[PDB]
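# Close look at the chain arrangement
Chain residues, written in single-letter form:
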Amino acid sequence: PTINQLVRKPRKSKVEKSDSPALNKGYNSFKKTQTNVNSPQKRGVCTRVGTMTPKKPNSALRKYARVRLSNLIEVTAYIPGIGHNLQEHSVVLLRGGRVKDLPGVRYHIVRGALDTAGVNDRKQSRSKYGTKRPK
Amino acid sequence: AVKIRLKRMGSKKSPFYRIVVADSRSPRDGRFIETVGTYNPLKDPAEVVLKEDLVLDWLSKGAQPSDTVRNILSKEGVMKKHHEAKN
Amino acid sequence: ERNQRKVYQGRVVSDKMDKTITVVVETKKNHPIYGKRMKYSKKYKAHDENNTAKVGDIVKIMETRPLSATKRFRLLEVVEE
Amino acid sequence: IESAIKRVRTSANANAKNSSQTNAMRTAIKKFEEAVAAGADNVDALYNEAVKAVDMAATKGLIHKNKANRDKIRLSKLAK
Amino acid sequence: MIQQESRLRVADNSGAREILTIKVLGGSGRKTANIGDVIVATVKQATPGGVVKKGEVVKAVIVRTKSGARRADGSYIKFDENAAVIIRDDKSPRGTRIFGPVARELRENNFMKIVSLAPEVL
RNA sequence: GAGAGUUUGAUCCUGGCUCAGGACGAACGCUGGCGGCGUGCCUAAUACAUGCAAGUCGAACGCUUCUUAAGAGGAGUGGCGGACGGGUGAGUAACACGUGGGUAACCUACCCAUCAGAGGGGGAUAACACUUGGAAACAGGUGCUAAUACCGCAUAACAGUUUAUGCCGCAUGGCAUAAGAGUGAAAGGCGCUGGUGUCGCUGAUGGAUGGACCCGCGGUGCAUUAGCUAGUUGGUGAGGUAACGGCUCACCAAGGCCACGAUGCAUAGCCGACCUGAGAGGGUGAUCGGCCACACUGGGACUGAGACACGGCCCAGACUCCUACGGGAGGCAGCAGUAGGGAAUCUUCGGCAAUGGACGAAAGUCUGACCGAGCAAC
RNA sequence: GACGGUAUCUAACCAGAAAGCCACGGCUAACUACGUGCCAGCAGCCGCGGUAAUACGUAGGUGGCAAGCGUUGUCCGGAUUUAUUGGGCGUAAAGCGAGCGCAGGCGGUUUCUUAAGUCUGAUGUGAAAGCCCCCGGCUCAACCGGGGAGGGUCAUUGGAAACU
Ligand SMILES: [K+]
Ligand SMILES: [K+]
Ligand SMILES: [K+]
Ligand SMILES: [Mg+2]
Ligand SMILES: [Mg+2]
Ligand SMILES: [Mg+2]
Ligand SMILES: [Mg+2]
Ligand SMILES: [Mg+2]
Ligand SMILES: [Mg+2]
Ligand SMILES: [Mg+2]
């Protein structure tokens, strides 16, 4: 471009965006608007717990939960690990991160936080999946 | 009132002070016009640094120190010189 | 001796007003990023004492107290009809 | 609440007195203006009474000295 | 002399703004009401951000009327509008603050909280 | 100013995705010894239970209670401070901020320096005593009383104004002198021996201090926002403010702003600075400091040097609280703390010993500013 | 003198009361065994798992950090991936279908002139704290303090004018 062009219209950068828009918003019941807040984790209520079939190179029953967030955005997350204490209406805590198998799951569920029971008999990579030491 | 006082610096339980020219309306640490020395008693005696010319100029222009600063300026001989210059 | 209040040189663009005119300065700042020498046609309102100045005429103006809401400047000269 | 009650009371009394004295000043001045409109020879003494009230209001914290000066100057331009 | 399909203003902050009498309570064929008489009603106009909202069916109390009230001593009260207060099953109100004046006739009918919350009680 | 992996059977380009590093007011999980230094509602400027945060002066004044006429305590009047300090950042896209300037259009209690002066009089009022108001806060009525409270009388204009000169400036104009006309001040307390010294009192100047206004330039997105304004633009008068000016009113004219982005919409406190980066730049505006704005929402004034006032007044609205149901009262975005929201971020602690501030002659009283301590591996 | 009989110093005693987190297919430092058998599950990207898995889970072992470690979320960088520094348009993304022309952008040689741009001397200011340099005190360090340096498409005045 010519410098005249670059003054008549400047370089307008490639607009960016997040891999987790649901975490980057909030809600005040008074004015009832999306409040933009950069929150690492959130709370939600599992509105469904089920299984899904992953993409073609893989084959499995991937455990998901559809969840109703504090900010009233409904979100599909993954239940990592082996086993869960979850049901519909079960309070849950959510963190970010894709699950490359299904597309519609941009989020993960956290273990050891709330009604989510810690994983059972997991001794390695233990902070992850949230289960206390075997003494 | 325009005043010549001392403002607090340094960590807790290890204080230090800067003599300073401050209005009484400003905070303990805030607006100031000029610094004219500094102070700490953390030595076995007290220990002092001063700027005689500027502090005497503000005293002439109408300053009004606090009690401890008056003691310090007495030990450094500035109040006596101001008195003499008024005589 | 006392200070000297700011003065500018410029050009007239309208004289349809009594005891007053509009004056244009035409500096040239460099665009901050790309550096090109741009135009910058700042303009002002000047108090004329006698409706002397004519359109498209070079002029000098010194600041002063607000003589109106827009006015801040005082005519000094008339240079090139 | 916190010892502001006394300032409420004193400020109301001050309001009373100050508004009274300003109204006195303004009645004197208006009286002088009407006298200058009526052309009576009492203008000479009413001028002085107006100036008197203006400066006595500059005293007692009703009137800033610049306002007093502007009033005196206006009255002077009326009389002379 | 408040009847069915008779519209009323609201004298509290419950959320409602205008009311319509569905029926009068008390007896079988009561076709009329006055101060101290409970009402069943709708809500035809509500405050926007209000608890009580459009269409709701709710009980209410008549607190002031043009066809006013009478005292033993011949002293009569009257008003320039017909207004009511929304209540629960208990005699207590839905909202918290009553507006305008109120008749004394309610103290006999035991709407004492409304009598208290009202600023002026005539 | 280091790159790596990944499209292909493989290759080179193009092009995107991800990773390698640094930093959080951080949160979650697992674990967990100590010390030092710092930081700790980023969300609901959401609502506030409780407690404490602005009082002081008896050497301004008169009462009242206890002191064998002493000192000490209660409420008075008066003065000073309450406008600082502290909190928050909602609004604000503009002289709000930053920077550089200007004010011959300005103001300034307290603090300094100087020239002067501080005379003689008057009428009240609280408090207090009775009265009604009855739960009592309130409130009203009669009477008495002091002051550095208030009033006006006496003199000065050194203040301001006009004339005459001089001088100079950047036009308006400003400085020095003289003259003219008219105006205005006050307060005493403490101590010494009428004279007094000290603190206060009144006028004028000058300085300092802080404040007010004005201008150049600069800093954010949209033109799927192109027209905008009518006291708006200017002028002659008048009024008004500490002061300039449409700041305001009348009258005269129809001008003025904008593609160099006006107007509108959205967003946002700005800055020093902080993180990153070879730099150019980007992103942020927490803690500390500066300017601004706000004090339940909106408006308005009074007092005062200073407010259109966080812990002051009036009114309207919303919201809540106590009532003996007659009527009152309140405003934590002060420090702690509660509820709620939230992914989530503190003890309902001690002291004014320090430092700073108010008041006071001084001791000293007050001070959730501040000093410290406490909790949290932040 | 609230802190506080705290800091601090002395002496007696016990190895005794005091280490975990993540990762180990490649990018990336770090490898085997067993179970499981496209299931369970892993996964920042490439992708592992279908009876012999260094990619799941456990055990052992090792590596990187360490009273912390890891993970999410946010900002920068790498990303020259909005290119002023510092990119491109024949086929990859992109030359409007083409022209006439208002505004703007740019513009032949040359004398004289100016001095808006430009260059330049001096003066002032750019608060303090902070970054950086030299010092000094906290058992060192963080931190704290002193001094200095720098910071402005900044402003006034004074020159040149080659170039626009
Ligand atoms: K803001
Ligand atoms: K407001
Ligand atoms: K494994
Ligand atoms: Mg770079
Ligand atoms: Mg408050
Ligand atoms: Mg390897
Ligand atoms: Mg794993
Ligand atoms: Mg195997
Ligand atoms: Mg193509
Ligand atoms: Mg600095």
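See above for the structure.
Below is a summary of the structure that appears in this document. Each chain's residues are numbered sequentially from 1 according to the written sequence, a convention that need not reproduce the entry's numbering, and residues without coordinates are excluded. Naming scheme: in the order in which they are written, chains are lettered from A and ligands are numbered from 1. Just a portion of a larger assembly is displayed, and each value is taken over that portion. The side-chain numbers reported here are obtained from all heavy atoms of the structure, hydrogens and water having been left aside.

## Points about the interface of chain A and chain C
Rules: Pairs of residues are marked as contacts when any of their non-hydrogen atoms sit within 4.5 Å. Two parts placed together each lose some accessible area; with a 1.4 Å probe, that loss summed over both constitutes the buried area. Just to be clear on terms, a salt bridge is a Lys or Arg side-chain nitrogen sitting within 4 Å of an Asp or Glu carboxyl oxygen. Whenever two N or O atoms come within 3.5 Å, that pair is a polar contact, provided that in protein one can donate a hydrogen and the other can accept it, and provided that, for residues adjacent in sequence, both atoms are side-chain atoms. Residues are grouped as follows: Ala, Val, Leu, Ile, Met, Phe, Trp, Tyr, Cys and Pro are nonpolar; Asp, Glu, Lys and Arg are charged; all remaining types, including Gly, are polar.
With five residues of chain A at the contact, the number on the chain C side is four residues. It is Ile3(A), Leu6(A) and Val7(A) in chain A that bury the most area against chain C; as a group they hold 77% of the surface buried on that side. At the junction of chain A and chain C, the tally comes to zero salt bridges. On inspection of chain A and its partner chain C, the count reaches zero residue pairs in polar contact. The residue inventory of the side of chain A that touches chain C, partitioned by class, reads three nonpolar, one polar and one charged.

## Here's the deal with the environment of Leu78(D)
As a reminder of what qualifies: Helix and strand labels come from DSSP, where a helix needs a run of H or I of at least four residues and a strand needs a run of E of at least two; each type is numbered from the N terminus.
On the secondary structure map, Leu78(D) appears in helix 3 (residues 65–79). For the pair formed by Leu78(D) and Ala37(D), sequence separation is 41 residues and the distance between their alpha carbons is 9.7 Å.

## With respect to the arrangement of the chains
At the C-alpha level, the nearest point of chain C lies 44 Å from chain E, with no contact between them. In this view chain D stays clear of chain E, with the nearest C-alpha atoms of the two still 25 Å from each other.

## Brief notes about a positive patch on the surface
For clarity, the threshold we go by: Within this analysis, patches are made of residues with over 30% relative accessible area and no salt bridge. Like charges are joined at 9 Å or less; nonpolar side chains (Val, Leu, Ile, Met, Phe, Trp, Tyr) at 5 Å or less. Here the accessible surface of atoms and residues is derived via Shrake-Rupley with a 1.4 Å probe, and residues count as covered only by protein chains that are part of the display. Charge counting treats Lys and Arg as positive and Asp and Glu as negative, with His and both chain ends excluded. Taken as the charge centre is NZ of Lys, CZ of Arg, CG of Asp or CD of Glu, depending on the residue.
Taken together, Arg2(C), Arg5(C), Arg65(C) and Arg74(C) make up a surface patch of like positive charges. Within the element layout of this structure, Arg65(C) appears in the loop between strand 4 (58–63) and strand 5 (73–75).

## Points about the sheet that holds strand 2 (residues 20–24) of chain C
Residue and element names in this part refer to chain C. Just so we agree on the cut-off: Only when DSSP finds a minimum of two bridges between them are two strands counted as paired. Axes here mean lines fitted to C-alpha atoms, for a helix over just the part in contact, with angles spanning 0 to 180 degrees between N-to-C directions.
Strands sit in the order 1-2-3-5-4 around a closed barrel of five strands; the barrel is mixed. Here the average twist between neighbouring strands, direction ignored, is 50°. Across five bridges, strand 2 lies against strand 3 (residues 43–47) in antiparallel orientation. Residue pairing for strand 3: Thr-20 is matched across the bridge by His-47.

## Here we look at the sheet that holds strand 7 (residues 83–86) of chain E
Residue and element names in this part refer to chain E. Spatially, 1-2-3-4-7 is the arrangement adopted by the five strands of the closed barrel, whose pairing is mixed. On average, each strand axis in the sheet is tilted by 55° relative to the strand beside it, whichever way the strands run. Here strand 4 (residues 58–64) runs beside strand 7; their pairing, made up of four bridges, is antiparallel. Residue pairing in the sheet places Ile-62 in a bridge with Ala-84 of strand 7.

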